[PDB]
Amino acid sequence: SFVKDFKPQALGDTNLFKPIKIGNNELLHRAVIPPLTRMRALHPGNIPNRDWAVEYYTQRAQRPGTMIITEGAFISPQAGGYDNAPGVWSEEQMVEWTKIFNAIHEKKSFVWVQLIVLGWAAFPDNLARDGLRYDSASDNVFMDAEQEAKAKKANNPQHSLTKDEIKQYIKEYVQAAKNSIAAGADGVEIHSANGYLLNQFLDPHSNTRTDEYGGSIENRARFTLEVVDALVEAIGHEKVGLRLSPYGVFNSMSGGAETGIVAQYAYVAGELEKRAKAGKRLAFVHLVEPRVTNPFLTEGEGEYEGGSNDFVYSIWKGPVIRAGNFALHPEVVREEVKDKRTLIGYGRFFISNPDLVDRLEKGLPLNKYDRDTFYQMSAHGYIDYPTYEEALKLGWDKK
């Protein structure tokens, strides 16, 4: 069915429908697909779904000139810990990714691989089974009671990374980025948001290290910026973006309750702008909005009103993608896109609307999403959401 209490607005008369260049890609509009984990990858081997993933991405690439950021992809086995999320370290994985990239490109759209390392969000019991560590910045604070329980049962203790192990992850980021580009991707996004490993280093709650990787703003940002620099050198600044969620609390990050949080993220933004003036400007910075501090709460919940991401614009002078509860708020998007370097990521409603871009342009009703199939091993709630045409044929306008 369509979302019941929603008054659509056509956005075709706004900058959302003005072309913009991001890295090497000439986007034809500024509605971006942000990274969305769907858990259809197959075990063993963290292989992109051989039955459905091409179709899923093809559907969502249908509007020409759309920028798609993939679901997060593990850079290595040690970086993972969910059996049904994909990786980008193996030949068998890359064979499937290449088909996905080719399909997106045939629709004249673009694809950026999000590179992920889980840290304390990983399942310690899956990792123990595979003879892998359970990693984080520190070993004296733990994500939550369920993770604690899983770790006790699996007898797999949270492990504070050594400097050598940080370097090994950096090597893996580099190879994963190279694999992605060689397989046909337009670029990569470094995930430093949502409470995964890089965020665990940025955040003073999860990072209580006393070496050069913790204990100050500069030190907490070190790992993230090392990955940035390593990938810029490996594949080019124009093929690299960075994702941040300054106000996020998902996976036990501090958000606005930490009074130093703006400073921490302002520092990162400043260091990116320094590199940009020095000839190496990232393709984009991607921000999760305080509109959504936890993406598994229904739209309107988990809003933080005590802070804004606008500070980033005073510092970083490149493109900015913003995501978080924008689909149901065209009135907000209309204002935000007046800034000529702002793009809008639409997550949950791109799950449920393969033709979302057409619907945004024309002010059409939106398909409701089905949270029960966000992570299911099924084609249902993955590739069977209808376009607007299909929805009308199905009688959804009278449901």
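Counting begins at 1, following the sequence as shown.
Visitor: On average, are the C-alpha B-factors higher in 203 to 211 or in 105 to 113?
Guide: Here the higher of the two C-alpha B-factor means belongs to 203 to 211.
Visitor: Per the record, averaged over C-alpha atoms, which has the higher B-factor: 70 to 78 or 271 to 279?
Guide: Mean B over CA atoms: larger for 271 to 279.
Visitor: Per the entry, which of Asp186, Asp229, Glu189, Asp310 tops the list for Cα B factor?
Guide: Of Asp186, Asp229, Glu189, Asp310, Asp229 has the highest C-alpha B-factor.
Visitor: Take the CA temperature factors straight from the PDB entry and tell me which of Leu161, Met253, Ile181, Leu287 peaks.
Guide: The C-alpha B-factor peaks, among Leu161, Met253, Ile181, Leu287, at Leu161.
Visitor: Lowest, middle or highest third: which one holds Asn294 when the chain's residues are ordered by CA B-factor from the entry?
Guide: Tercile = middle for this residue's CA B-factor.
Visitor: Looking at the temperature factor on the CA atom of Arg222, which third of the chain's modelled residues does it land in?
Guide: CA B-factor rank for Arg222: highest third.
Visitor: Which third of the chain does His237 land in by C-alpha B-factor: lowest, middle or highest?
Guide: Its C-alpha B-factor, which the entry lists for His237, ranks in the highest third among residues of this chain.
Visitor: Sorting by Cα B-factor within the chain, modelled residues only, which third would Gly195 end up in: lowest, middle or highest?
Guide: Lowest third - that is where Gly195 ends up once the chain's C-alpha B-factors are sorted.
Visitor: Ranking the modelled residues of this chain by C-alpha B-factor as given in the entry, is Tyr134 in the lowest, middle or highest third?
Guide: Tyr134: CA B-factor falls in the highest third of its chain.
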